[PDB]
Novice: 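Take this structure, written in structure tokens, and hold onto it; I'll ask about it next.
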There are 2 protein chains.
Amino acid sequence: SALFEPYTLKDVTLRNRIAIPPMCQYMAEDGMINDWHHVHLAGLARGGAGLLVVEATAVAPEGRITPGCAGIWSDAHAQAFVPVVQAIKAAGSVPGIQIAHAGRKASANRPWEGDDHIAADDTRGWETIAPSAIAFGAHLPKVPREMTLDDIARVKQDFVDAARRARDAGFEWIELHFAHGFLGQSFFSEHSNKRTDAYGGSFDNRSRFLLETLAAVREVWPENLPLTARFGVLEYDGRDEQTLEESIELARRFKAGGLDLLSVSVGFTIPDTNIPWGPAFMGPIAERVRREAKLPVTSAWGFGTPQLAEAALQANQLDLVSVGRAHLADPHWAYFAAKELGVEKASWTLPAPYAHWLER
Amino acid sequence: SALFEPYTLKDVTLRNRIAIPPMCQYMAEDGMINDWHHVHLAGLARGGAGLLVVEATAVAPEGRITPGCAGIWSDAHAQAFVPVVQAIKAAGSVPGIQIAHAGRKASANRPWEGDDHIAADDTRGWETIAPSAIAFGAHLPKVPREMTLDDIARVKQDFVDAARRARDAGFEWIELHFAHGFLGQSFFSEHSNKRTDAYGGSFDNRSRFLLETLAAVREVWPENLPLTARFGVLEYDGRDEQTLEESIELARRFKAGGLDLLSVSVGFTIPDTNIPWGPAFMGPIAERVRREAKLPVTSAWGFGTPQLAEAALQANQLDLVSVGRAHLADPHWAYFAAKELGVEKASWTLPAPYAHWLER
Ligand SMILES: Cc1cc2c(cc1C)N(C[C@H](O)[C@H](O)[C@H](O)COP(=O)(O)O)c1[nH]c(=O)[nH]c(=O)c1N2
Ligand SMILES: Cc1cc2c(cc1C)N(C[C@H](O)[C@H](O)[C@H](O)COP(=O)(O)O)c1[nH]c(=O)[nH]c(=O)c1N2
Ligand SMILES: O=c1ccc2cccc(O)c2o1
Ligand SMILES: O=c1ccc2cccc(O)c2o1
């Protein structure tokens with residue numbers, strides 16, 4: 001089975017092609033993770049996936065999505081990850097982390113607590129920052145503060161510090177969160193970036209924050225560990241071919257700047273879009289990016305059907321298949337997939353105290 | 001759905017009728033549990049089951065099954081359980097523990113490391129104890145040492161100390177392991193107990209170790225927390241009706257001695273048997289014990305098919321359904337069962353960081 005073939009990138013070898021993508025848990029306190037995250041992540045690692053990427057982890061307090069978001073903006077925050085990293089490694093999975101800044105979509109309620117921008121008089125909320133003072137709209141009506149050049153310098157340095165901390169905590173894989181309408185994506189998109197300085201107003205200028213952040217992170221992140229990013233390559237906003245062309249050009253510049261793999265997503269930059277949700281709907285666009293930028297890719301959305309994951313790999317649409325919600329439903333999805341694809345000794349996807357008893 | 005109806009026993013309320021029975025992990029070191037057990041148990045608790053019973057935990061070092069078995073024979077061993085108990089409670093499950101002594105089946109290899117008695121010159125092995133110096137046979141050929149009266153007194157006190165420690169660690173449910181051919185079962189069975197003192201040679205004498213241990217434990221175990229036992233009620237050895245009659249009589253004496261619920265199993269006392277394995281095969285015998293001893297019961301083996309669990313409850317064969325291997329396969333089996341039975345808001349079997357996203 002293609003799904004169960006190992007994958008090597010730089011000095012890291014994944015035991016199969018199943019990746020667990022970053023999935024916010026909304027369970028941290030002042031950015032500090034706790035036993036929610038420890039058990040959640042260690043349990044997923046034991047389920048058999050080759051790569052486990054920790055949820056969007058804020059590089060700065062105002063870059064959290066919500067008051068429950070994880071952070072890595074101090075050394076104390078980083079040290080909270082150390083036992084979790086060690087547990088993921090003990091289980092034979094590769095520990096990764098997505099480092100992030102929510103930009104204009106920050107200061108929001110948890111998804112089951114309204115999912116909307118926090119009220120002005122709520123003691124939990126904060127001022128958001130972005131390339132331009134323009135609200136997302138809809139359920140995120142807060143107008144962000146326009147960043148100064150010093151703010152740009154500071155946020156870049158926060159990404160550097162976050163990457164340094166991730167490295168020293170023992171992560172073996174890093175993902176820069178340049179997708180989903182958050183800070184990086186919003187610098188790239190003309191919808192959200194109306195700047196007329198060096199950071200807006202041409203393709204090179206809109207790309208600049210992302211490319212400078214990548215290059216700065218590359219200085220502290222080991223060359224032998226995968227350096228990756230998540231990026232929304234289209235919006236489904238009626239400007240798809242032009243946007244895809246620009247995104248693919250940026251992907252080529254990421255590759256040239258040392259990016260090892262791209263997690264291909266949708267922008268979610270603005271609310272007025274028409275995204276054609278469906279099982280594996282991103283497959284063809286991930287394949288196009290892979291081919292035209294000549295870069296390994298992953299993608300997600302509806303790949304939790306084992307045969308569909310297998311088909312995407314065999315078609316060379318993807319190098320790794322990211323499976324999110326199916327792992328919330330069943331932490332041992334990789335074992336389910338091994339059985340469903342007829343892999344020999346499928347139960348040994350799991351550790352011995354489980355595998356021995358499940359051999360059928 | 002019957003499966004998702006709460007259950008109250010003494011002061012404890014279970015959120016549903018799904019019990020996770022004790023399942024040895026073989027991952028402890030010198031009896032001390034570790035992060036294997038922490039993550040395993042906390043993950044299961046979050047999966048939605050109403051009751052989680054920790055694996056057979058030895059009351060004394062020689063009462064382990066294997067060198068990987070958990071123990072509770074010192075206060076340091078007990079304190080290792082405290083964070084796990086707290087994690088199980090945080091998840092809304094009830095923490096229980098099975099306290100045990102393997103008797104003549106002790107000093108064995110892990111199941112994936114031979115499953116047989118440890119060789120005489122292996123530094124990990126030890127002398128086994130039992131009511132009589134008679135080997136199980138087959139893969140367990142070691143002849144145990146015949147217990148003295150002082151050994152009987154000592155082992156009873158070890159059960160008392162284990163129960164006291166379980167109480168003080170915060171467990172809310174205890175199960176005495178009087179099944180599966182281990183020490184207690186072997187005192188009851190004429191196959192293994194050939195004693196001619198007060199502890200063998202009539203029904204009352206063979207029952208004596210079990211009843212005295214129950215009564216001694218009852219002195220330290222809170223009256224407001226369920227006091228339970230697992231007991232093999234037949235062997236499938238060609239003596240089933242006589243054995244069932246005696247076992248039911250003993251169950252009546254357990255009830256009279258304060259037992260709140262009986263986990264009904266098979267003896268496994270000797271190897272030469274013909275057990276009719278099949279899905280829910282224990283249902284009718286559990287029902288007979290329940291009716292004839294007028295005592296709540298659980299049982300296991302093949303109840304991991306949701307409709308079958310539901311049928312057993314609706315037929316009043318069982319009060320709780322124990323589901324073991326299906327939870328090794330999928331820690332979130334309770335969520336799978338809720339979906340499969342059409343329970344309203346099935347995803348909310350799981351905590352919010354999962355449930356919100358799985359609402360269909
Ligand atoms: C609970 C939860 C939380 C998050 C997500 C999703 C879900 C369900 N997703 C998106 C996720 O990585 C994935 O792309 C989608 O869930 C689609 O994949 P599935 O269809 O779920 O396999 C996500 N994406 C991201 O880049 N960073 C994150 O931290 C989050 N947080
Ligand atoms: C890995 C493992 C380990 C154990 C068990 C089983 C398995 C699979 N079983 C028996 C278990 O509680 C249950 O009765 C059987 O597994 C049958 O139920 P299922 O068919 O698996 O749902 C078990 N029983 C017991 O009384 N104490 C224990 O510690 C163990 N250990
Ligand atoms: O990047 C993110 C962060 C949180 C999140 C939550 C749900 C769906 C998503 O796609 C998400 O994406
Ligand atoms: O009581 C026990 C202890 C370990 C064990 C293992 C497998 C099957 C069983 O029934 C078991 O029973």
Side-chain angles (χ1 to χ4, degrees), chain A residues 23-28 34-48 55 66 68-69 83-84 86-88 90-91 109-115 304 324-336 338-339 346-360, chain B residues 23-28 34-48 55 66 68-69 83-84 86-88 90-91 109-115 304 324-336 338-339 346-360:
Chain A
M23 289 181 286
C24 284
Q25 298 295 289
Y26 312 90
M27 290 292 285
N34 54 56
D35 204 45
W36 175 263
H37 311 80
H38 183 88
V39 168
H40 167 71
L41 294 165
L44 285 168
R46 293 168 187 193
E55 63 197 275
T66 77
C69 289
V84 187
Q86 292 174 348
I88 293 169
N109 280 294
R110 300 184 180 76
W112 52 92
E113 298 174 346
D115 202 40
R325 284 167 291 176
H327 275 108
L328 306 183
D330 179 359
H332 294 181
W333 183 89
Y335 161 65
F336 172 77
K339 285 189 293 184
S347 76
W348 288 89
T349 303
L350 298 175
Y354 302 161
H356 177 76
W357 309 103
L358 296 172
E359 297 178 349
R360 303 310 192 188
Chain B
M23 289 181 286
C24 284
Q25 298 295 289
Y26 312 90
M27 290 292 285
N34 54 56
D35 204 45
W36 175 263
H37 311 80
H38 183 88
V39 168
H40 167 71
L41 294 165
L44 285 168
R46 293 168 187 193
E55 63 197 275
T66 77
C69 289
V84 187
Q86 292 174 348
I88 293 169
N109 280 294
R110 300 184 180 76
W112 52 92
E113 298 174 346
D115 202 40
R325 284 167 291 176
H327 275 108
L328 306 183
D330 179 359
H332 294 181
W333 183 89
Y335 161 65
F336 172 77
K339 285 189 293 184
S347 76
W348 288 89
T349 303
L350 298 175
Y354 302 161
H356 177 76
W357 309 103
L358 296 172
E359 297 178 349
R360 303 310 192 188

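Heavy-atom basis, side chains included; hydrogens, waters and symmetry copies ignored. Protein chains get the first letters and strands the later ones, always in sequence-line order, with residue 1 at the start of each.
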Novice: So, taking the atom named NE2 in A:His40 and the one named CG in A:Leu328, what distance separates them when rounded to the nearest 0.5 Å?
Specialist: 6.5 Å

Novice: Could you look at A:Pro83 and say if it's the side chain, the backbone, both or neither that has a heavy atom under 4.5 Å from chain B?
Specialist: neither

Novice: Quick one: list whatever passes side chain to side chain contact (heavy atoms under 4.5 Å, CB included) with B:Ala338, sequence neighbours left out.
Specialist: B:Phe4, B:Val343, B:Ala346, B:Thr349

Novice: Less than 4.5 Å apart, any side-chain heavy atom of A:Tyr354 and any of A:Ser347?
Specialist: no

Novice: Once salt bridge (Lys or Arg N to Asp or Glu O under 4.0 Å) is applied, do any residues pair with A:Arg325, and if so which ones, sequence neighbours excluded?
Specialist: none

Novice: Only pairs of heavy atoms separated by less than 4.5 Å count here; which of B:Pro351, B:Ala42, B:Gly324, B:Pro111 has the most with chain A?
Specialist: B:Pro111

Novice: Between chain A and each of B:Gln25, B:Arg46, B:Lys339, count heavy-atom pairs under 4.5 Å; write down the option with the most.
Specialist: B:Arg46

Novice: Do A:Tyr26 and B:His356 have ring centres separated by under 6.0 Å?
Specialist: no

Novice: Below 4.5 Å from any heavy atom of chain B, which atoms of A:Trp36 appear? Answer side chain, backbone, both or neither.
Specialist: both

Novice: Would you mind checking which part of B:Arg110 comes under 4.5 Å of any heavy atom in chain A, side chain (CB onward), backbone (N, CA, C, O), both or neither?
Specialist: neither

Novice: Which bit of A:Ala87 is near chain B, if near means a heavy-atom gap under 4.5 Å: side chain, backbone, both or neither?
Specialist: side chain

